[PDB]
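Heads up: the structure comes next, in structure tokens.
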Protein chains: 2
Amino acid sequence: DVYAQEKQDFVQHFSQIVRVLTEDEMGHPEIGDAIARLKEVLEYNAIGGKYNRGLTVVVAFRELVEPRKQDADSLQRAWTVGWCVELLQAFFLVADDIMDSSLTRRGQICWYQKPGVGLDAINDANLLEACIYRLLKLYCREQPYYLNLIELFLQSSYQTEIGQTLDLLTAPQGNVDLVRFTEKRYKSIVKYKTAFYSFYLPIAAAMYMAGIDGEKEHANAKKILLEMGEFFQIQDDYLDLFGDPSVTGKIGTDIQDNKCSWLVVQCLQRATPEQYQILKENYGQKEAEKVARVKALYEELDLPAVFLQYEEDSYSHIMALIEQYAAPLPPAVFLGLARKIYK
Amino acid sequence: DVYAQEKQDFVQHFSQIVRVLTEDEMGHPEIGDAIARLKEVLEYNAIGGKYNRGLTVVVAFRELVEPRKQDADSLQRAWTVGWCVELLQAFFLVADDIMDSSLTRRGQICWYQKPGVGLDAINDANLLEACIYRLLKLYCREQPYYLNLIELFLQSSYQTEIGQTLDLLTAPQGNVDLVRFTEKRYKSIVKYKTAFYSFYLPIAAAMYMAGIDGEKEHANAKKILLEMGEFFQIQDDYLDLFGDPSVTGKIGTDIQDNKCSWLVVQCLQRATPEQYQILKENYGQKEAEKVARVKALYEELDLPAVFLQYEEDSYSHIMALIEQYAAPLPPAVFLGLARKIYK
Ligand SMILES: O=P(O)(O)C(O)(Cc1cnc2ccccn12)P(=O)(O)O
Ligand SMILES: O=P(O)(O)C(O)(Cc1cnc2ccccn12)P(=O)(O)O
Ligand SMILES: [Mg+2]
Ligand SMILES: [Mg+2]
Ligand SMILES: [Mg+2]
Ligand SMILES: [Mg+2]
Ligand SMILES: [Mg+2]
Ligand SMILES: [Mg+2]
Ligand SMILES: [Mg+2]
Ligand SMILES: [Mg+2]
């Protein structure tokens with residue numbers, strides 16, 4: 001992949017990110033303990049993933065910016081902005097893990113589950129968020145795209161938070177109403193909670209850094225990226241139940257948490273009234289036997305096979321959107337991302 | 001007060017703030033339920049306070065901007081930016097109430113304690129934060145001070161979050177070490193957690209709106225405002241134990257929560273080794289009888305009288321700093337604020 005060609009170098013740069021964020025300390029040694037906590041938080045929560053969102057900024061930048069304009073400082077700004085995307089993810093995930101009552105993330109216990117962390121993780125997440133704007137000021141403040149990037153991160157955060165609200169509102173604890181789990185509702189939740197920040201944000205950041213600021217170009221980019229994001233969230237929902245946690249790094253909670261998962265939507269489209277009652281009886285509950293019954297029902301209704309077919313159809317659709325909407329950007333910008341997510 | 005002269009009108013404007021924030025809905029009716037939740041969150045959490053921070057932007061604006069430049073639109077931008085300060089407070093308090101295990105706020109149950117809210121309040125707080133940047137874009141994007149304000153809110157949030165980290169790190173649950181509760185540590189915690197966002201932020205916002213952007217003018221302003229903020233937090237700590245909750249609107253938790261309160265710092269400065277052991281035995285614990293013992297010890301050591309004296313000395317000090325540092329701004333800018341907090 002073009003992603004493996006940039007990864008080791010991207011990751012390498014995290015030590016610099018941490019160093020520049022945790023040297024607000026000469027000048028202000030009274031905040032030392034707080035900066036030590038920030039370092040711990042950064043190291044626990046922004047490292048251990050695949051780095052695909054941050055890497056996408058870097059790879060897109062190199063593909064959109066003329067090689068004679070890819071000087072040392074410009075490349076550094078590019079991987080800084082990719083790390084800002086990673087930090088945005090880190091902030092959101094820390095908070096999400098608490099609100100979803102999750103156990104593990106990236107092959108370790110969730111930050112909030114750590115003895116001695118707990119709900120202090122809320123402020124830790126806010127700090128991760130603040131680091132984004134700190135790095136943008138330190139590295140990009142004199143660039144013509146500075147305000148574009150600040151506003152792109154802010155707006156992406158707002159959209160994401162709106163999607164989180166829909167997610168949580170459609171999934172009330174102890175309150176099983178399957179009636180709300182429609183395809184239309186599903187598409188809206190995932191557009192807001194995932195598609196903007198996971199797909200549109202990183203490419204858009206690289207577009208703005210390359211001086212591509214036009215509303216038409218950004219709107220065309222979105223046509224591809226929001227669709228890619230929807231697929232990505234459907235995949236996430238499928239892996240929540242059917243994925244191997246040694247590979248995914250995380251234990252699923254969607255059934256217990258009463259979530260408007262792609263799986264439950266597809267279940268409802270297919271289920272006889274008898275299967276509907278089974279689903280109603282067992283969904284949204286902590287008991288392991290009830291979760292098992294839901295999984296059994298999904299397997300009975302061939303949902304893994306339905307997912308496999310959906311992934312093929314989706315891949316073909318996204319490739320079609322690249323043919324329609326890529327120009328004037330290099331198709332490789334989107335195809336690389338397609339390759340990474342449809343693996 | 002100059003604050004009462006602007007309050008009814010300031011509060012009046014909240015209906016407009018809510019209307020403009022909850023009409024992201026024509027165009028995007030798929031987010032309707034989320035926008036309904038945002039309205040609920042806004043109404044519960046940004047209304048019911050004294051509005052002093054938001055009001056300070058408005059009053060300072062009128063005192064710093066030439067009356068011929070105080071047109072309809074400019075006044076509207078001023079009360080919008082004051083509401084942004086209120087929203088910053090609202091975001092921070094929702095999160096703080098969870099992390100401090102608080103019960104009530106502004107004479108009602110804390111948002112997170114509401115049946116059916118719970119830890120979903122984390123995302124609600126993030127949404128309140130997003131509304132700040134939304135209102136600044138909608139109302140101030142074409143103004144020469146736009147980036148100044150965005151960066152002032154972002155930086156104030158970072159500082160505040162650093163202060164929150166110090167607060168929480170100095171107050172580990174179930175872990176009583178009084179050794180860390182020093183005056184030096186106290187001053188650092190409150191500078192970061194309170195002084196920036198409660199005092200410096202609102203005046204600074206009005207300064208930038210009035211085209212007063214000079215580093216020397218902002219640095220002089222800070223000399224007064226950070227000191228005022230320290231006093232304000234000492235007052236907050238005193239009222240945590242000795243205030244009337246029908247007046248304060250909130251039930252105190254500092255002793256239970258093992259906080260580096262001004263009260264405990266002053267206790268440690270004065271306490272015999274026998275009183276030190278009593279404090280060690282009873283601090284940072286949930287039992288009502290142990291909290292009562294700590295309060296008894298404080299009363300034994302005349303801490304209310306010590307606070308009364310401190311408030312006089314502090315008032316005199318801040319007035320001295322106004323004489324030194326107010327120019328070239330009208331002294332009324334600071335004196336009005338002094339009047340409100342030393343009441
Ligand atoms: O927990 P994961 O990794 O399975 C999850 O995929 C995480 C996720 C998706 N979108 C957002 C937005 C903000 C915070 C977290 N987000 P989900 O949406 O299923 O919680
Ligand atoms: O709960 P209160 O109102 O007594 C409290 O005064 C609230 C407070 C002060 N400073 C901050 C910063 C962020 C969030 C809340 N903050 P405290 O600092 O004592 O928690
Ligand atoms: Mg989750
Ligand atoms: Mg979630
Ligand atoms: Mg998931
Ligand atoms: Mg879940
Ligand atoms: Mg508190
Ligand atoms: Mg607190
Ligand atoms: Mg307090
Ligand atoms: Mg407390």
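Indexing begins at 1, ligand by ligand and atom by atom, following the structure's order. In what follows, every chain begins at residue 1, and chains take the letters A, B, ... in the order their sequences are listed. Every heavy atom of this structure was used, including side-chain atoms; hydrogens, water molecules and symmetry mates were not.
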Atom 18 (O) of ligand 1 - nearest protein heavy atom and its distance: A:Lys193 NZ, 2.8 Å
A:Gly54 backbone acceptor or donor facing A:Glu86 side chain under 3.5 Å: yes
Evaluation steps, ring-ring contact (aromatic ring centres under 6.0 Å, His included), between A:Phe199 and A:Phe232: CA-CA 9 Å; A:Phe199 290 84; A:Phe232 183 84; 5.5 Å; yes
Contacting atoms of ligand 1, where contact means under 4.0 angstrom from a heavy atom of A:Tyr197: 10 (N), 11 (C), 12 (C), 16 (N)
Test item: B:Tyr342 and B:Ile318 side chains (from C-beta on) under 4.5 Å apart, heavy atoms: yes
Numbered atoms of ligand 1 (with element) below 4.0 Å of A:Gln233, judged on heavy atoms: 6 (O), 9 (C), 18 (O), 19 (O)
Straight-line distance of A:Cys260 SG to A:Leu169 CG, nearest 0.5 Å: 11.5 Å
Donor + acceptor pair across side chains of A:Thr165, A:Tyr192 (<3.5 Å): no
Flag for A:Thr56-A:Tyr3: side-chain donor and acceptor within less than 3.5 Å: yes
Shortest-distance N, O or S atom of A:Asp100 relative to the Mg ion (ligand 3): OD2
N/O/S atom of A:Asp97 inside 2.8 Å of the Mg ion (ligand 3), strictly under: no
Donor on one side chain, acceptor on other, A:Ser102 and A:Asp100, under 3.5 Å: no
Atoms of ligand 1, numbered as shown, that sit under 4.0 Å from any heavy atom of A:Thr194: 9 (C), 10 (N)
Those atoms of ligand 1 less than 4.0 Å from some heavy atom in A:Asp100: 20 (O)
A:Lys259 contact mode with ligand 1 (heavy-atom cut-off under 4.0 Å): neither
Whether A:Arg105 lies under 4.0 Å from ligand 1, heavy atom: yes
Subset of ligand 1 atoms that lie under 4.0 Å from at least one heavy atom of A:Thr160: 12 (C), 13 (C)
Test item, A:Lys250 contacting ligand 1 (heavy atom, 4.0 angstrom): yes
Any N/O pair A:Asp167/ligand 1 closer than 3.5 Å: no
Side-chain donor or acceptor of A:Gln164 paired with backbone N/O of B:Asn123 under 3.5 Å: no
Residue, atom name and distance, where the atom is the protein heavy atom closest to atom 19 (O) of ligand 1: A:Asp236 OD2, 3.2 Å
Within-cut-off N or O pair, A:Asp96 and ligand 1, under 3.5 Å: yes
Which atom of A:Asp96 approaches the Mg ion (ligand 3) most closely (N/O/S): OD2
Among B:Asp167, B:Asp96, B:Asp254, the one residue meeting salt bridge (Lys or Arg N to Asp or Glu O under 4.0 Å) with B:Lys259: B:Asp167
Short side-chain donor-acceptor distance under 3.5 Å, A:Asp124 and A:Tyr44: no
Under 3.5 Å: N/O of A:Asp97 near N/O of ligand 1: no
Donor-acceptor contact present, side-chain B:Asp120 to main-chain A:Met99, <3.5 Å: no
Short N/O/S contact of B:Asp236 with the Mg ion (ligand 9) (below 2.8 Å): yes
